[PDB]
Amino acid sequence: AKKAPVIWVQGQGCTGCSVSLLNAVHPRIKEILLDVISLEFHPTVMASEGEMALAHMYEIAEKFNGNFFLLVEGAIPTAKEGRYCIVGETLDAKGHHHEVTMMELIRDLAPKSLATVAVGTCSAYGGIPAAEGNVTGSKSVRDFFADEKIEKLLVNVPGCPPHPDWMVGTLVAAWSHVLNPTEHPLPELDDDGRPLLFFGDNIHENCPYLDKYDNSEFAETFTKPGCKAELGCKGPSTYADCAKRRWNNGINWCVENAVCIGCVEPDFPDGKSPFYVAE
Amino acid sequence: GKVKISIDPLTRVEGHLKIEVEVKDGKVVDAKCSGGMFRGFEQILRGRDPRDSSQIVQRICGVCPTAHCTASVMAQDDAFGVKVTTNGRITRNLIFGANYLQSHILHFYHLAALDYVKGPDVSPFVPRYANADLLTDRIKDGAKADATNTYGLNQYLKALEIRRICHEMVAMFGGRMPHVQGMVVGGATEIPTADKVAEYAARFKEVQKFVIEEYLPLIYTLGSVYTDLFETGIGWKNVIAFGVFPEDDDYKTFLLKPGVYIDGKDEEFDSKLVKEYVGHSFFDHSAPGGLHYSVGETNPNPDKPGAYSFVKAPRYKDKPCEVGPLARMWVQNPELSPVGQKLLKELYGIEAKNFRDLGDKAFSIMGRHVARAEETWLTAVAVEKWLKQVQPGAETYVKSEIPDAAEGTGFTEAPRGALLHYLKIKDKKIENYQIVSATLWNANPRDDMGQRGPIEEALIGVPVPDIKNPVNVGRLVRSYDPXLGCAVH
Ligand code: SF4
Ligand code: SF4
Ligand code: SF4
Ligand code: FCO
Ligand SMILES: [Ca+2]
Ligand SMILES: [Ca+2]
Ligand SMILES: [Ca+2]
Ligand SMILES: [Cl-]
Ligand code: NI
Ligand SMILES: [S]
């Protein structure tokens, strides 16, 4: 009966995790929003703005204390006292304005949540904003929780972006657990806090090109037949179920089209680069 | 008698935006636009294999990643010295064109429409402004108000599925979406097959039907209710366009041509005249006077006195210029859709054949929505043509090698406006990479000479008769379809 309350916050994100969620099927996004979750705050799609939006977010975090999921899209920048990501402004009872940093927001909301779900490689692992050359002190949710000594149930759903099936599946499994924990145990997580349900399979071991790989039949260029290894494929070092699930309602996937770039992995992008050089 | 209104977060745009206005005598009299989130892609890119840039830059934005990918692979093509095949060019247009459709539909419905349409009484449609001046408030005949609101809301809901189908179309030759794999230096990674061209076409015809039969009629109907919104949110009336969707192999002709319109006069676009100022932006420049992007610098400084935004301030011949569908449609001046010609006559008593026949009405809140809807139709006509031109089996990829030392620039138009990526290579690695994006031209702060950015300037004069429900401020801002991820990168 009751929908899962969700407060969805964005730090150093690109909105691509949200857009990928909008691509969900079985259920589609209309059913997700009307039947599965109560999306209480989401900066990209919600009706209210400014003071009203933030007041609503804080009201839900109070009324549904210990009973909402904090969804985090994007990394948390810690340099310059958090000022590389300002998420809003709060107007106190005297008229003065105060900016809220992503650090402050997460420190505030995470202890109020039932669980935090870091969707996307940025929030889960740091991802592109935390890659070499950045000067923002960009940090993952797990690292920020460790630094802050925040103990709150945390599940990572990585990918850049994650497949909507991974996000929907993980949230539904979490909510089912809360509603009946002994009938629905929490999904088993790997050492990087991501569900084995979606991230237990190695791409390469499950790849339809594996017969070609075994016969040393390698594509000389993108548009030639063969395994993609010499074009830079990171399938050998990447754990996700893309080979089975494919992308965009089964239309295509990275390896058929081009190469896997290892987007779900905690070392994406630096440990997966250069993308077009073999592993 | 001035009152300050500060809106942070300004929601239903992409990314982190703050809008501040001063209101006096029922109108906005000053404004400030602030982007509050920075990642520094131009710093992150340094030292990498230049080919990685077409994957890394897409993560600037998950709404428009194909635009960044297109600009990046074109910059790489230029720097690497490789010429794309006819089929590669067309395939790139089909990948990108499918997302133009997705982005405009996403914008109008899922970002803009809740300023006009009353959604159901569940989150995230509520809470909302108490006096929101919606269709259900404006239309005095209650049955008509209800019917028109339901008509709009059902389109909003249907558009959720239509935009998803557009991403199936992008994935067809792009691998997945957000963040395609199928565009690379040298062309595209998957040759279209007859079967997949037909599968793209079947989906496209469903999107096209929605555009012509639902979206265009809703926009013109909406404008006929909010005629006051064609008379405000004006701004500088300066526009720039770079050219998008090359229609031949030498990139001399486009679906929508490059050009500039400043102070009532058309001129050619000259990339030498673009520069970025940082006087009110959180950045340090090594030299005064604004910098051309080919010598651009990204040295963030959130402590810079007097600065208020992470968005730089691009100017063309020292003039603020806006970008986006209004800009492209004004510069190209294409013939209007049959729907638009008909409904402008029927609902407004306007005789209009070409976009510029809208005159002053183009430069307004509703004019920006009309331009975007018309461009969606125009792009669909083009995609329909490209689907006939694409050749199953014809090579889409040409080999290249990373040069030791080179430069290249990719020019295009993202759905939100003019986009370029500048790439300099040294020792086979990215030495400098500079991005001048669409919303960067719209949502920028004041330049060193105090000239307001286009959104700031367009806010001047916007009516705010109810300070507690300042709905026209957000309506103006959202008419520009801002993306702050792109603006700041
Ligand atoms: S994980 Fe990737 S798609 Fe998601 S916010 Fe980060 S950059 Fe964007
Ligand atoms: S290297 Fe890539 S293409 Fe080749 S078999 Fe492994 S996962 Fe598949
Ligand atoms: S195939 Fe590789 S790059 Fe593509 S989504 Fe799966 S893990 Fe990410
Ligand atoms: N469209 C789009 Fe994104 C912006 N602004 C880019 O480039
Ligand atoms: Ca602590
Ligand atoms: Ca500050
Ligand atoms: Ca830039
Ligand atoms: Cl899907
Ligand atoms: Ni964008
Ligand atoms: S795009």
Side-chain angles (χ1 to χ4, degrees), chain A residues 12 14-20 22-23 28-30 33-34 38-40 42-50 52-53 56 80 83-89 97 128-129 131-136 160-161 221-223 247-249 251-254 256-259 261 269 273-277, chain B residues 6-12 14-16 18 36-40 43-44 46-49 51-52 55-56 59-63 65 110 114 119 123-128 157 160-161 163-164 167-168 171-172 174-179 181-182 184 189-191 300 302 395-397 399 474 485:
Chain A
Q12 284 174 309
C14 80
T15 308
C17 291
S18 289
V19 171
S20 197
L22 300 182
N23 288 338
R28 286 168 162 84
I29 191 66
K30 183 187 168 179
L33 297 175
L34 299 182
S38 187
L39 185 61
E40 292 293 352
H42 189 300
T44 316
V45 298
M46 71 192 293
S48 63
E49 61 184 17
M52 180 177 292
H56 177 67
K80 303 289 182 172
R83 293 177 292 152
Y84 290 121
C85 187
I86 304 302
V87 299
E89 205 165 71
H97 285 288
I128 290 177
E132 273 294 323
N134 94 85
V135 301
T136 68
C160 192
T221 73
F222 292 109
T223 58
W247 275 79
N248 299 92
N249 194 30
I251 289 290
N252 209 335
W253 70 302
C254 312
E256 182 187 342
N257 182 67
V259 290
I261 68 175
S273 299
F275 296 127
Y276 303 109
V277 170
Chain B
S6 182
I7 309 169
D8 189 0
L10 192 299
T11 53
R12 280 180 296 108
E14 190 290 329
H16 295 277
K18 169 172 69 176
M37 187 276 282
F38 171 79
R39 289 164 296 159
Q43 300 176 288
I44 292 163
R46 296 195 287 241
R48 299 182 185 270
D49 178 331
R51 300 175 292 179
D52 289 356
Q55 287 301 308
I56 298 298
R59 281 77 180 170
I60 290 169
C61 185
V63 178
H110 309 122
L114 291 186
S123 303
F125 301 97
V126 288
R128 60 201 159 204
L157 292 167
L160 295 166
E161 176 64 0
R163 64 148 302 292
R164 188 193 70 71
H167 276 188
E168 293 185 348
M172 196 67 65
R176 63 153 170 186
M177 190 63 164
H179 304 150
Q181 298 281 14
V184 289
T189 63
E190 181 181 346
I191 296 171
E395 183 63 80
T396 54
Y397 181 74
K399 65 195 177 66

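Letters A, B, ... are given to chains in the order of the sequence lines, protein chains preceding strands, and every chain is numbered from 1. Only heavy atoms go into these numbers, but all of them, side chains included; no hydrogens, no water, no symmetry mates.
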Largest heavy-atom contact set with chain A, pairs under 4.5 Å, which of B/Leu10, B/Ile56, B/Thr11: B/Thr11

Top of A/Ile128, A/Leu33, A/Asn134 for chain B proximity - count of heavy-atom pairs under 4.5 angstrom: A/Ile128

Contact class of B/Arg51 relative to chain A, heavy atoms under 4.5 angstrom: both

Interatomic distance, A/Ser20 atom OG to A/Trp247 atom CH2 [nearest 0.5 angstrom]: 4.5 Å

A/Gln12 side chain to B/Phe38 backbone, donor-acceptor under 3.5 Å: yes

Check: B/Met172 main-chain N/O paired with A/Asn252 side-chain donor or acceptor under 3.5 Å: yes

Contact leader toward chain A among B/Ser6, B/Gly47, B/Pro9, where contacts are heavy-atom pairs under 4.5 Å: B/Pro9

Heavy-atom pair count under 4.5 Å with chain B, highest-scoring of A/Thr221, A/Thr136, A/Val45, A/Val259: A/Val45

Contact summary for A/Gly133 and B/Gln43, nearest pair of heavy atoms: O-CB, 3.5 Å

Chain B contact via A/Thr15 - which portion, at a heavy-atom distance below 4.5 Å: both

Part of B/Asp8 within contact of chain A (heavy atom distance under 4.5 Å): both

Gap separating the CD1 atom of B/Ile191 from the OG1 atom of B/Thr396, nearest 0.5 angstrom: 4.5 Å

Side chains of B/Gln181 and A/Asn257, donor plus acceptor under 3.5 Å: no

Donor-acceptor contact below 3.5 Å, side chain A/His56 vs main chain A/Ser48: no

Contacting region of A/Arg28 [heavy-atom separation from chain B under 4.5 Å]: side chain

Under 4.5 Å from a heavy atom of chain B, the part of A/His42 involved: neither

Heavy-atom pairs under 4.5 Å with chain B, option from A/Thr44, A/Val135, A/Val277 with the top count: A/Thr44

B/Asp52 side chain vs A/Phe275 backbone, donor-acceptor pair below 3.5 Å: yes

Partner chain B: residue of A/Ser18, A/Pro129, A/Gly16, A/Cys160 with the largest heavy-atom pair count (under 4.5 Å): A/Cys160

Leading residue by heavy atom contact count with chain B [cutoff under 4.5 Å; candidates A/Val19, A/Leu39, A/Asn23, A/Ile86]: A/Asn23

Chain B interface, residue from A/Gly88, A/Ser38, A/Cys17 that has the most non-hydrogen pairs under 4.5 Å: A/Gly88

CD on B/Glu14 to SG on A/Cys14, rounded to 0.5 Å: 7.5 Å

Atom group of B/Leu157 that falls short of 4.5 Å from chain A, counting heavy atoms: side chain

Which portion of A/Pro161 sits near chain B, non-hydrogen atoms under 4.5 angstrom: both

Electrostatic pair A/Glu49:B/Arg12 at N-O distance under 4.0 angstrom: no

When B/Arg46, B/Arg128, B/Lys399 are compared by non-hydrogen pairs under 4.5 Å with chain A, the top option: B/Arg128

